[PDB]
Amino acid sequence: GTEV
Amino acid sequence: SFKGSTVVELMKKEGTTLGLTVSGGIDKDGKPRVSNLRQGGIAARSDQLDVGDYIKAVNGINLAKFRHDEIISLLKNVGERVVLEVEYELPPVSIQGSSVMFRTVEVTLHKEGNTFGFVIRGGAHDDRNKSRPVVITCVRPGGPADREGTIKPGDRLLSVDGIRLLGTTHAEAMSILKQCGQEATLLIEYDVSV
């Protein structure tokens, strides 16, 4: 996943 | 499975990220999901989100048909107000048995950053498949609930300053905790063996  | 749903509003700060890690997308194995919450971040400190939550929509935009990278672009370009529509696995109902007994305890807590440092899930619903007691599913380490030390994940929230939560929805229970003042006495139900 990717952090925002 | 039957899911609970909730709406989470996060205020984005000018020079920072939300501390919210998102996995999934149509091009991925799973649907859009909270896969991590950075310690002390905006998302973690909301006490409204948990790892494993599904994100159905951001700002009224349904996420399911987006590829992963498109979801990220969306989240990185939102203004200060982020509105997440969240779906979650319902908390299992604990039932009194031969080996399980329920007890209660009053817990007083003071707010910090306008929250008590715990996440609630469940609540009354017209669809009895979704209807649940209000369950405290997480207690954020270092937060008020954690410091006082009594409340544990799995405990039920029964009342907030004598206002009982029976019959109240998730949204209603959240409002009762929001319109609470800086201090509150909560009635907590918990499991005891034998």
# chains A, B, ... in the order shown; residues from 1 in each chain; ligands from 1

$ closest_atom_pairs --of "chain B" --to "chain A" --cutoff "10 Å" --atoms "only C-alpha atoms" --output "Markdown table"
| residue | atom | partner | partner_atom | distance |
| --- | --- | --- | --- | --- |
| B:16 | CA | A:4 | CA | 9.1 |
| B:17 | CA | A:4 | CA | 5.5 |
| B:18 | CA | A:4 | CA | 5.7 |
| B:19 | CA | A:4 | CA | 6.2 |
| B:20 | CA | A:4 | CA | 5.4 |
| B:21 | CA | A:3 | CA | 3.9 |
| B:22 | CA | A:1 | CA | 5.1 |
| B:23 | CA | A:1 | CA | 3.8 |
| B:24 | CA | A:1 | CA | 6.9 |
| B:25 | CA | A:1 | CA | 9.9 |
| B:28 | CA | A:1 | CA | 10.0 |
| B:32 | CA | A:1 | CA | 9.3 |
| B:33 | CA | A:1 | CA | 8.8 |
| B:34 | CA | A:1 | CA | 8.7 |
| B:35 | CA | A:1 | CA | 6.8 |
| B:36 | CA | A:3 | CA | 8.2 |
| B:37 | CA | A:3 | CA | 8.8 |
| B:38 | CA | A:3 | CA | 8.8 |
| B:43 | CA | A:4 | CA | 9.9 |
| B:68 | CA | A:1 | CA | 8.3 |
| B:69 | CA | A:2 | CA | 8.6 |
| B:71 | CA | A:2 | CA | 9.7 |
| B:72 | CA | A:4 | CA | 7.0 |
| B:73 | CA | A:4 | CA | 9.1 |
| B:74 | CA | A:4 | CA | 9.9 |
| B:75 | CA | A:4 | CA | 6.6 |
| B:76 | CA | A:4 | CA | 6.2 |
| B:77 | CA | A:4 | CA | 9.9 |

$ residues_around --residues "residue 192 of chain B" --least-positions-apart "2" --cutoff "12 Å" --atoms "only C-alpha atoms" --output "list in words"
residues 94, 95, 96, 97, 98, 99, 100, 101, 102, 103, 104, 154, 155, 189, 190 and 194 of chain B

$ write_last_selection --atoms "N, CA and C atoms" --output "PDB file, in the first residue's frame"
ATOM      1  N   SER B  94     -20.493 -10.669  22.157  1.00  0.00           N
ATOM      2  CA  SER B  94     -20.140 -11.483  23.310  1.00  0.00           C
ATOM      3  C   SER B  94     -21.423 -11.860  24.059  1.00  0.00           C
ATOM      4  N   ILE B  95     -21.586 -13.149  24.338  1.00  0.00           N
ATOM      5  CA  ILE B  95     -22.772 -13.639  25.056  1.00  0.00           C
ATOM      6  C   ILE B  95     -22.391 -14.306  26.370  1.00  0.00           C
ATOM      7  N   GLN B  96     -23.178 -14.048  27.410  1.00  0.00           N
ATOM      8  CA  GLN B  96     -22.964 -14.691  28.706  1.00  0.00           C
ATOM      9  C   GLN B  96     -23.237 -16.183  28.582  1.00  0.00           C
ATOM     10  N   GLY B  97     -22.263 -16.983  29.002  1.00  0.00           N
ATOM     11  CA  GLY B  97     -22.385 -18.432  28.955  1.00  0.00           C
ATOM     12  C   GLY B  97     -22.175 -19.030  30.327  1.00  0.00           C
ATOM     13  N   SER B  98     -21.833 -20.312  30.353  1.00  0.00           N
ATOM     14  CA  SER B  98     -21.483 -20.983  31.593  1.00  0.00           C
ATOM     15  C   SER B  98     -20.132 -20.481  32.116  1.00  0.00           C
ATOM     16  N   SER B  99     -19.214 -20.172  31.201  1.00  0.00           N
ATOM     17  CA  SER B  99     -17.860 -19.742  31.565  1.00  0.00           C
ATOM     18  C   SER B  99     -17.596 -18.235  31.393  1.00  0.00           C
ATOM     19  N   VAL B 100     -18.606 -17.487  30.951  1.00  0.00           N
ATOM     20  CA  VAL B 100     -18.460 -16.045  30.724  1.00  0.00           C
ATOM     21  C   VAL B 100     -19.568 -15.254  31.423  1.00  0.00           C
ATOM     22  N   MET B 101     -19.157 -14.288  32.238  1.00  0.00           N
ATOM     23  CA  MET B 101     -20.060 -13.426  32.992  1.00  0.00           C
ATOM     24  C   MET B 101     -19.736 -11.968  32.654  1.00  0.00           C
ATOM     25  N   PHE B 102     -20.755 -11.107  32.616  1.00  0.00           N
ATOM     26  CA  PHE B 102     -20.533  -9.673  32.393  1.00  0.00           C
ATOM     27  C   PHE B 102     -20.530  -8.892  33.699  1.00  0.00           C
ATOM     28  N   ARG B 103     -19.603  -7.942  33.802  1.00  0.00           N
ATOM     29  CA  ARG B 103     -19.582  -6.970  34.895  1.00  0.00           C
ATOM     30  C   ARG B 103     -19.488  -5.554  34.341  1.00  0.00           C
ATOM     31  N   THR B 104     -19.759  -4.561  35.186  1.00  0.00           N
ATOM     32  CA  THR B 104     -19.615  -3.165  34.791  1.00  0.00           C
ATOM     33  C   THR B 104     -18.640  -2.404  35.690  1.00  0.00           C
ATOM     34  N   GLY B 154     -12.665  -4.867  23.186  1.00  0.00           N
ATOM     35  CA  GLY B 154     -13.678  -5.893  23.434  1.00  0.00           C
ATOM     36  C   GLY B 154     -14.726  -5.454  24.449  1.00  0.00           C
ATOM     37  N   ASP B 155     -14.380  -4.458  25.264  1.00  0.00           N
ATOM     38  CA  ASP B 155     -15.326  -3.880  26.219  1.00  0.00           C
ATOM     39  C   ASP B 155     -16.471  -3.183  25.485  1.00  0.00           C
ATOM     40  N   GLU B 189     -18.885  -2.184  30.098  1.00  0.00           N
ATOM     41  CA  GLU B 189     -19.172  -3.588  30.360  1.00  0.00           C
ATOM     42  C   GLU B 189     -18.051  -4.453  29.792  1.00  0.00           C
ATOM     43  N   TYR B 190     -17.710  -5.523  30.501  1.00  0.00           N
ATOM     44  CA  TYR B 190     -16.584  -6.370  30.122  1.00  0.00           C
ATOM     45  C   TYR B 190     -16.812  -7.826  30.523  1.00  0.00           C
ATOM     46  N   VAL B 194     -15.634 -17.523  34.189  1.00  0.00           N
ATOM     47  CA  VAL B 194     -16.434 -18.157  35.247  1.00  0.00           C
ATOM     48  C   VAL B 194     -17.417 -17.171  35.886  1.00  0.00           C
TER      49      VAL B 194
END

$ atom_distance --atom1 "atom CA of residue 129 of chain B" --atom2 "atom CA of residue 169 of chain B"
13.6 Å

$ residues_around --residues "residue 89 of chain B" --least-positions-apart "2" --cutoff "10 Å" --atoms "only C-alpha atoms" --output "count of residues only"
14

$ select_by_dssp --residues "segment 50-138 of chain B" --states "alpha helix (DSSP H)" --output "list in words"
residues 68, 69, 70, 71, 72, 73, 74, 75 and 76 of chain B

$ closest_residue --among "B:158, B:168, B:148, B:109" --to "residue 126 of chain B" --atoms "only C-alpha atoms"
B:168

$ select_by_dssp --residues "segment 17-97 of chain B" --states "strand (DSSP E)" --output "ChimeraX atom specification"
/B:20-23,33-37,54-58,61-62,81-89

$ write_last_selection --atoms "C-alpha atoms" --output "PDB file, in the first residue's frame"
ATOM      1  CA  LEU B  20      -2.911   6.918   6.413  1.00  0.00           C
ATOM      2  CA  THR B  21      -1.634   3.992   4.339  1.00  0.00           C
ATOM      3  CA  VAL B  22      -4.023   2.622   1.729  1.00  0.00           C
ATOM      4  CA  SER B  23      -3.777  -0.708  -0.087  1.00  0.00           C
ATOM      5  CA  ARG B  33      -8.354  -0.667   2.584  1.00  0.00           C
ATOM      6  CA  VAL B  34      -6.579   0.950   5.540  1.00  0.00           C
ATOM      7  CA  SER B  35      -3.374  -1.137   5.824  1.00  0.00           C
ATOM      8  CA  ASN B  36      -1.536   1.053   8.338  1.00  0.00           C
ATOM      9  CA  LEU B  37      -2.012   4.143  10.489  1.00  0.00           C
ATOM     10  CA  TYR B  54     -12.505  -0.654   3.904  1.00  0.00           C
ATOM     11  CA  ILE B  55     -12.705   2.729   2.257  1.00  0.00           C
ATOM     12  CA  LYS B  56     -15.790   2.824   0.046  1.00  0.00           C
ATOM     13  CA  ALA B  57     -15.547   6.506  -0.909  1.00  0.00           C
ATOM     14  CA  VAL B  58     -13.554   9.727  -0.447  1.00  0.00           C
ATOM     15  CA  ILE B  61     -16.268   9.517  -4.912  1.00  0.00           C
ATOM     16  CA  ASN B  62     -16.576   5.742  -4.960  1.00  0.00           C
ATOM     17  CA  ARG B  81     -11.535  18.311   4.416  1.00  0.00           C
ATOM     18  CA  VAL B  82     -11.262  14.578   3.767  1.00  0.00           C
ATOM     19  CA  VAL B  83     -14.505  12.628   4.164  1.00  0.00           C
ATOM     20  CA  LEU B  84     -14.004   8.865   4.198  1.00  0.00           C
ATOM     21  CA  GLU B  85     -16.953   6.492   3.949  1.00  0.00           C
ATOM     22  CA  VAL B  86     -15.724   3.413   5.774  1.00  0.00           C
ATOM     23  CA  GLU B  87     -17.015  -0.162   5.942  1.00  0.00           C
ATOM     24  CA  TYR B  88     -15.898  -2.595   8.613  1.00  0.00           C
ATOM     25  CA  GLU B  89     -16.330  -6.153   9.826  1.00  0.00           C
TER      26      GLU B  89
END

$ closest_residue --among "B:115, B:108, B:193, B:135" --to "residue 160 of chain B" --atoms "only C-alpha atoms"
B:108

$ atom_distance --atom1 "atom CA of residue 134 of chain B" --atom2 "atom CA of residue 156 of chain B"
5.7 Å

$ residues_around --residues "residue 170 of chain B" --least-positions-apart "2" --cutoff "12 Å" --atoms "only C-alpha atoms" --output "PyMOL selection string"
chain B and resi 4-8+48+90+119-125+130-136+157+165-168+172-177

$ atom_distance --atom1 "atom CA of residue 117 of chain B" --atom2 "atom CA of residue 78 of chain B"
25.9 Å

$ residues_around --residues "residue 146 of chain B" --least-positions-apart "4" --cutoff "10 Å" --atoms "only C-alpha atoms" --output "list in words"
residues 109, 116, 117, 118, 138, 139, 140, 141, 142, 150, 151 and 152 of chain B

$ write_last_selection --atoms "N, CA and C atoms" --output "JSON list (two decimals), in the first residue's frame"
[["chain", "number", "residue", "atom", "x", "y", "z"],
["B", 109, "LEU", "N", -12.67, 9.89, 32.27],
["B", 109, "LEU", "CA", -11.58, 10.23, 31.38],
["B", 109, "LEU", "C", -11.68, 11.70, 31.03],
["B", 116, "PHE", "N", -11.25, 10.64, 23.32],
["B", 116, "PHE", "CA", -10.95, 9.85, 24.51],
["B", 116, "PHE", "C", -9.91, 8.75, 24.28],
["B", 117, "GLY", "N", -9.42, 8.63, 23.05],
["B", 117, "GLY", "CA", -8.38, 7.65, 22.73],
["B", 117, "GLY", "C", -8.87, 6.22, 22.61],
["B", 118, "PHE", "N", -10.09, 6.04, 22.11],
["B", 118, "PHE", "CA", -10.59, 4.70, 21.79],
["B", 118, "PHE", "C", -11.49, 4.74, 20.56],
["B", 138, "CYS", "N", -10.53, -0.57, 19.77],
["B", 138, "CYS", "CA", -9.12, -0.19, 19.88],
["B", 138, "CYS", "C", -8.96, 0.85, 20.94],
["B", 139, "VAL", "N", -7.81, 0.78, 21.62],
["B", 139, "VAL", "CA", -7.42, 1.80, 22.58],
["B", 139, "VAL", "C", -6.02, 2.31, 22.18],
["B", 140, "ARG", "N", -5.99, 3.52, 21.64],
["B", 140, "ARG", "CA", -4.76, 4.13, 21.16],
["B", 140, "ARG", "C", -3.72, 4.33, 22.28],
["B", 141, "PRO", "N", -2.57, 3.63, 22.18],
["B", 141, "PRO", "CA", -1.52, 3.77, 23.20],
["B", 141, "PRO", "C", -1.10, 5.23, 23.39],
["B", 142, "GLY", "N", -0.96, 5.62, 24.65],
["B", 142, "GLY", "CA", -0.60, 6.99, 24.99],
["B", 142, "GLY", "C", -1.78, 7.94, 25.07],
["B", 150, "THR", "N", -8.08, 1.32, 32.45],
["B", 150, "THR", "CA", -9.19, 0.39, 32.71],
["B", 150, "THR", "C", -9.80, -0.23, 31.43],
["B", 151, "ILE", "N", -10.14, 0.62, 30.46],
["B", 151, "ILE", "CA", -10.80, 0.18, 29.22],
["B", 151, "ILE", "C", -9.90, -0.71, 28.34],
["B", 152, "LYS", "N", -10.45, -1.84, 27.90],
["B", 152, "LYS", "CA", -9.74, -2.79, 27.03],
["B", 152, "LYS", "C", -10.51, -3.06, 25.73]]

$ closest_residue --among "B:14, B:161, B:9, B:30" --to "residue 59 of chain B" --atoms "only C-alpha atoms"
B:9
